[PDB]
Amino acid sequence: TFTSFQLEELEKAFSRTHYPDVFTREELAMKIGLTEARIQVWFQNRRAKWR
Ligand SMILES: [Cl-]
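Per the working numbering, residue -18 is the first one in the sequence shown, and the count goes up by one each step.
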């Protein structure tokens, strides 16, 4: 389960764009201590919820 700081950073990124690119995702992964793959799936899943 995501920590609060991880979810906060993920939502801040999503609020800038629903389609963050791989460079943005990788920078997030490094900063927040998750893999880029986990973060990528989170964005896919949040886009599916939005649609
Ligand atoms: Cl991947």
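Heads up, the beta-carbon is just placed ideally off N, CA and C, and yes, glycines get one too.
Which word fits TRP31, buried or exposed, when buried means at least 16 other C-beta atoms lie within 10 angstroms of its C-beta? Locating residue 31 in the sequence shown gives position 50, where the first residue counts as 1. With fewer than 16 Cβ atoms within 10 Å of its Cβ, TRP31 is classed as exposed.
Exercise for the section: Report yes if the C-beta of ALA18 is less than 7 angstroms from at least one heavy atom of ligand 1; otherwise report no. Expected result: Your numbering for residue 18 matches position 37 in the sequence shown. Yes, the Cβ of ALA18 comes within 7 angstroms of a heavy atom of ligand 1.
Exposed or buried, which one is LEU9 when buried takes at least 16 other CB atoms within 10 Å?
The sequence position of residue 9 within the sequence shown is 28, counting from 1. So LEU9 counts as buried.
Let me confirm a value: residue 52 is counted as buried when at least 16 other C-beta atoms fall within 10 Å, else exposed. Which label applies?
The question about residue 52 has no answer, for the chain in this structure spans -18 to 32.
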